[PDB]
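# Structure assessment
Here is what each chain is made of, one letter per residue.
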Amino acid sequence: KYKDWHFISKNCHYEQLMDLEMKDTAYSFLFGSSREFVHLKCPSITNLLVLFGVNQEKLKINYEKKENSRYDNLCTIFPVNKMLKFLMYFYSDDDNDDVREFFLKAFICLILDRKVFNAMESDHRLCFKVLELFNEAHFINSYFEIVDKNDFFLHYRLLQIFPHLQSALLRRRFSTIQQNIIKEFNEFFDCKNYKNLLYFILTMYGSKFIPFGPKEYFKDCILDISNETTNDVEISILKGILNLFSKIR
Amino acid sequence: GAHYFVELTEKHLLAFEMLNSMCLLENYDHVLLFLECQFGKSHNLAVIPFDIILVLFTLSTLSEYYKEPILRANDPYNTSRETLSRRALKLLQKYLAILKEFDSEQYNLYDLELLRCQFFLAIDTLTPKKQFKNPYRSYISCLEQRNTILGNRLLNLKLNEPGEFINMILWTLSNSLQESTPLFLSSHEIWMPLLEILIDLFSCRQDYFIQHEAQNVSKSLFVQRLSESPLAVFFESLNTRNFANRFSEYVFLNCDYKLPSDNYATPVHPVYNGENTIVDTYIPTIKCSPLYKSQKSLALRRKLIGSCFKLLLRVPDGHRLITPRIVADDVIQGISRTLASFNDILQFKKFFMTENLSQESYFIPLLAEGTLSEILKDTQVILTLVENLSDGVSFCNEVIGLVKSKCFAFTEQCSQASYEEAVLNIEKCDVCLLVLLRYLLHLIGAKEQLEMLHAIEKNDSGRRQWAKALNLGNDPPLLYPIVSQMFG
Amino acid sequence: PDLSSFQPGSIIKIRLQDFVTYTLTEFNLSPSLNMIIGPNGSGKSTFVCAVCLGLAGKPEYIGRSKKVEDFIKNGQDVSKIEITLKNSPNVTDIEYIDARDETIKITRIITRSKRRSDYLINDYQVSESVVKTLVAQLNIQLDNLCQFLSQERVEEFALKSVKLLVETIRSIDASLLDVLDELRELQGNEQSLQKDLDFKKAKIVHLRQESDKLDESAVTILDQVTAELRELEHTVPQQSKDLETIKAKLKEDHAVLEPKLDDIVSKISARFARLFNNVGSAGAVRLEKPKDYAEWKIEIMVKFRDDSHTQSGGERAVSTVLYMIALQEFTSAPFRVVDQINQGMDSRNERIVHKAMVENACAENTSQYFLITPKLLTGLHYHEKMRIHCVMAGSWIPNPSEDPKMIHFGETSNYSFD
Amino acid sequence: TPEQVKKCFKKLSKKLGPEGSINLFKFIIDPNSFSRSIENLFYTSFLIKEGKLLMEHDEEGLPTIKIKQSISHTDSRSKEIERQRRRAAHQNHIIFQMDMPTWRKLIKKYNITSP
Amino acid sequence: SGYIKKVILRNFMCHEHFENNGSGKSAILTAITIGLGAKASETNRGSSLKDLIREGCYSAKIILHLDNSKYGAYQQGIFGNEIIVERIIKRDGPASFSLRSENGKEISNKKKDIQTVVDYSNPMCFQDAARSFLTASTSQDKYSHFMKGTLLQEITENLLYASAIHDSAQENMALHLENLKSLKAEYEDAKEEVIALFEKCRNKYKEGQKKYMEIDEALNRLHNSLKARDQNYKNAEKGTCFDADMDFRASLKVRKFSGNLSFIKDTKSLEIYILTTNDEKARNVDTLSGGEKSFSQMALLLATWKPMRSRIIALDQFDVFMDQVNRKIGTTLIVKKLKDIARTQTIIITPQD
């Protein structure tokens, strides 16, 4: 609701970041094609992340300590388009595999948090530039380390900025898929999990397996259980999205 | 079906009536979700109706920082964990990049032309004054009884008000360089990006207007076909005939060069009430550096200038444009007497140092030479670098003549009496040379290069020893270490 | 001026200027009967609005609109309603007019910002009260619904039986209605005062309990209880006397109301049965008289084969039509208006009611009658005195404002051959 | 046959002709009945409301119903607005009164069509 | 499923045994109304059940065949594959009321059973009820008509009542909180028999305490519920009235018309902005007449039943004031809108063929 993994927890190191802007802003018209001494205050990726406002050892979500339920923690964060600009320097294309995987993991975990996304620019050019550096197969196999089954909440946060991953992650989570989807639906339906089911509806629709149109019995299962009229706040929105998506071609 | 009009297929009438009824029922969340749910999925290209273009222009004008309670009271659940305004702007910019591709390899030509028709009809309503009619018939639309959307009235019904479409450009240019959060936020997420889209659409309606106006027409009448041009009426908003001393002072409003305008600064007021007020239940999160503050404000000022010489290049050599009464030279010298007059050299550089070098051609390497010519009037000449833009030998001969002419070196023995201004003058006069140089390399892809190299080496050594003879504890503004590194 | 068969108070011809659909078009009516026909939404059922306005009437008697100036065509300035009516040999005491002219024209010109504008009687300036009194002295009362039934007044006429009885009494004898409503009010006063006396008796008995249960303080309260009992024992006889007075009032009310109402209802019942037996079905009317007089009502039984809740709308409409036919001889107006009444009900009863009204309206010494219908059914019963006027929306007038010689276009029943 | 509006069109553009002209003196009449003599008028009212009959009174006096036959062009970018302005060219609305006694007077002009 | 299949009449109104108005038009509707758990008082065609019996008999019974063979069936393993419910009315004693299975074994002679099988009742779905809608109405009449048709007014009204309860509960807890202060104040007043009086004041204070938290706990849960209910009522009012909006515009295109219907909530009207083929501006509802009134009327009809997912729809006597020339067009609109639906059986009844 209000607590969505907030990847940046501590405050940002604004003075050093401003100084490193002052150094980088002249780094654009003397190079631009050839590959850095403008940044040495952060010799390693972990140093840059720490300067950003990230804590130690930070790259995983495991859910034992209510990890993706941290509250606001109002620490000012840094603008994102320049954030990607400093991260892109640690690419090191011809280098070890482990550092490349660590960089991809850091990129993924900095994408899908509230602070970064809620202050995203409408341009959306840098994130795609980082995206093309990897192929979808390795990006979705060595993907976000989010639990695939239980948490679709971040599946929507992913397929709201990279829409072409729509048919890419569905065959990863559902590795026959059409009936796999319905059996997964029954698991959340016969669990009183009305909150985790909403994003489950919003995510996969539009793909090859669950298209739009008047055609699916999801509306039927959400129509049977409505007798309380006081049951849940998350049950009337779901049927509105369900019958709105039916009338689209 | 006057021009660029597209008749409706039945497969899209359903969508346009659907969205319009949704907007009628004041539930805009489902409106935005309809567009977001099928954006990058298939090759259908669900285009937004022109009247639904207008409401997104209105939803963008309403952000949380001064209306938090209303945005929550519309929808208390916040399904996508984002505000209506930011999703609106994301939808506008997403359909904006698709428009300036016309990439029919995946979409359909009919859909792409319909999208262009909708955008052009949306922007054609904005008719600036100085101080609803749906062309479709298949469906009944909104905005025919609805005037206001959640407090904020409207855009085309507001910018058409007298003394307003000149006001909001001034608002967004003045408040861009602001330290107060209520004022800075008003033109960072509200009036910077919307104005960018406005300029881009006014530049595209012009591109379509030139071709599909009058082929094989008289020049004296082709120039008259530019007085009613969309960019012409756009610049008609400037309610002065002193553009040699006004348009040079509208673009740079909050900038501080040597501002000599004894006339009072133009009165600047918000378009909508409560804009310059922060709401109690929202705390800003983004820390914008003043350098980053002024780095995204001059990229917009130049882009507004870049739309001014774009009509001016179309004006023929014989006659001059009628409606704005402007000359393609009075604003090269007008956008020079301030550019070379800057105090903060950081703003000088970030304006001249442009991140889109290819698209922002054809006028930056004209204002660069104009500024250099004006600054050599005080440093002590005819500058013909721009006419030489093709052959590098011409550049090299001209530049060696200039450096031998004592224009890049420092002044006479007066060293410490007026050091702080002389150093700024001489470092400002070098950035223009650097920019023209860069444009030279980018537009060109021998011994004269070495000649200019050692010549600038000697001049740099001279200015260094002049600084040392000035019993100065720090270095002068060197030039060579950049040139040698760029060339190699 | 072929007024050979026109009865006094009738309408000879209806011309109209600047109406919502009528810039300038003219009628020329009939003494006996006139069926108006045409397509839907063609402005045929609004010449009744024109006549209701042109006879110094109120706008609320129609129901089409709510303000007086709503009838002016949007885009125009002044609406002129110039109408002729046959002069009567009994109407006198009227200014700017003699008793010799056999045709008189009442015209009103309603402007934009002044609803209560001037009138025009024989091209003379006439005020509002004078024209109102003149139209009253033609013994034509658009107030009386049984004399003027507009499109929305069928409900107000009926379809509960109680107000049907109310309008019955209004049409037959307003004095009986005046005694009726006072009777209702006096019955209500009787009920209220009976409750008052019951409360007084209960309170009298109540204070006796304190008078008996009453400790020196007990006796002190006893004295006050006795004093209150005495003053209430004073109050009660006054209430009893007032109740006796209202009892006498209701005795008079019942002794003056019920018999005449019963007699008139029986007369209408006999006439109704005589009319409806010709139909080939059984029909009769009952005057239901409950103990609570406020629910007094007239209920008509219908039996076509051997209130607002029990009968069908068509059956109630047939009852209304045959009731109007029965009142034809009991109401002394010279022309009567019934409008749009034929809706929602079968074609057989359409034939029945149309034939009955044709037979009863065109007879000698009978008042003129107006019938309007959006459907003209095949094989209707027509009369020689009857005339037809067709009202049509359409496309092809050479404007009467351009050619007033055509202002009687298509009208052929006014041509005499020598 | 309650509606029976198209039957008039099918008799017209099968017997009269695509550009034929007939009058009150020929069509609305009926030599034996009065009901059928006014139902035809009422159906003509429907037809002219539908805008499928051309009806302009010549100065001779006789009415002229002719089948409005627009040459076949399915384009309506200006045909629709042409018709909409022709209907906006306000069409004062004919009172085509026809009475009972004179239904035998205008049979054709002197009581002869087919008694 | 759940749609009524067959109607069986036995000595009712003017029909002995069968499976113009009065001649079998309102009788079927009254039989459906009474055979579904309703009294004859709110029927206005006979104030008593015993009066509804055919004159010439003693006992009247109607057999109603529900359909229990698809989704939403009520205990298909017990009630078989076809619910059969009947009500028997005789001139004396209690009214007779039973539950019958498909084959014929009796289920339950309980009146609550009828009222739970159907609840597992809508008046609009199943003549005069139609004519009340299907007549002349104003701007602030069709809004109420549609709201009651969707049972939305009742849903909102109940929410308003519960909202008042939250206010009433909020008032009571304010009174309880004040009682804490006075009992604490009396605790200060008495601060060995007086000591006993001193202590007994505090126990009342504790009772005031304990009652207070109970009010807050109950109120908070109730207040939280209502905030959800407001949220659960607005999203059941947006997505429900909206489905009524499309089937008004997709039904208005069969006379080459265009328009919509608004749901202004501050003045509570249902203005119908319909336009013809030769108009430019959104026209009013009263200017139009005849064809543009009947076709708007019947369109306003068809839209109302769309949001409610039912399985059978019935209608009687839609010719109240629409002419036959326009009645044919209305019939065409009905057949095109309803014949294509394979999940809604239309049981409209009309005399003319």
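Residues numbered from 1 in each chain as written, not as in the entry; some residues may be left out. Chains lettered and ligands numbered in written order. Heavy atoms only, no water. Residues with missing side-chain atoms left out of burial classes, pairs and counts.

Scanning chain C from terminus to terminus reveals eight helices and 13 strands. For 418 residues, the compact-globule estimate of 2.2 N^0.38 gives 22 Å, and the C-alpha radius of gyration of chain C, at 29 Å, exceeds that figure by more than 25%. For chain C, the C-alpha atoms occupy an extent of roughly 115 × 60 × 40 Å along the three principal directions. (Helix = DSSP H or I, 4+ residues; strand = E, 2+ residues; numbered from the N terminus. Rg over C-alpha atoms; globule rule 2.2 N^0.38 Å.)

Further remarks concern the sheet that holds strand β1 (residues 21–22) of chain D. All names here are of chain D. Reading across from one edge, β1-β3-β2 is the order of the three strands in this open sheet, with antiparallel pairing throughout. Every other strand in the sheet has two partners, leaving β1 and β2 (53–55) as the edge strands with one partner each. Pairing of β1 with strand β3 (residues 65–67), which is carried by two bridges, proceeds in the antiparallel orientation. Among the inter-strand pairings, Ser 21 is bridged to a residue of β3, identified as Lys 66. Strand contacts of helix α1 (residues 5–16): β1, β2 and β3, with the helix running at about 80° to β3, the strand carrying the most contacts. (Pairing = 2+ DSSP bridges. Contact = heavy atoms within 4.5 Å. Axes fitted to C-alpha atoms, helices over the stretch in contact; angles between N-to-C directions.)

For the rest of this paragraph, the subject is empty space enclosed by the protein. In this approach, a probe sized like a water molecule rolls over the atoms, and the result shows the empty space that is left. Of the voids in this model, the largest cavity is the one considered here, and its volume is about 390 Å³. Lining the largest cavity are 25 residues, with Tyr 156, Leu 159 and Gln 160 of chain A together with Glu 36 and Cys 37 of chain B positioned closest to its centre. Of all elements in the fold, only α11 (196–204) of chain A together with α2 (28–36) and α5 (84–99) of chain B reach the threshold of two or more residues within the lining of the largest cavity. Ranked by residues supplied to the lining of the largest cavity, first place goes to α5 of chain B with five residues. For the lining of the largest cavity, the class distribution of residues is 14 nonpolar, four polar and seven charged. (1 Å grid on protein atoms, 1.4 Å probe; cavity = no way out; pocket = protein on both sides within 12 Å on 5 of 7 lines; lining within 4 Å. Points joined across faces, edges and corners; volume = space filled by probe spheres on them. Nonpolar A, V, L, I, M, F, W, Y, C, P; charged D, E, K, R; others polar.)

All right, on to the interface of chain D and chain C then. Counting residues at the interface gives 29 residues for chain D, matched by 30 residues for chain C. Buried area between chain D and chain C, summed over both chains or domains, comes out near 2900 Å², and the portion from carbon and sulfur atoms is 61%. Looking at the side of chain D facing chain C, the largest losses of area belong to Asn 92, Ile 95 and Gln 97 of chain D, adding up to 25% of the total buried there. At the junction of chain D with chain C, the criterion picks out zero salt bridges. Where chain D packs against chain C, one counts eight residue pairs in polar contact. The element that contributes the greatest number of residues to the side of chain D that touches chain C is helix α2 (residues 35–49) of chain D, accounting for eight residues. Along the lines of polarity and charge, the residues of the side of chain D that touches chain C split into 16 nonpolar, eight polar and five charged. (Buried area = accessible area lost by both parts, 1.4 Å probe. Salt bridge = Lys/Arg side-chain N within 4 Å of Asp/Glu carboxyl O. Polar contact = N/O pair within 3.5 Å; in protein donor to acceptor, adjacent residues only side chain to side chain.)

Note that every value here comes from positions in space, so none of it alone points to a role or purpose.
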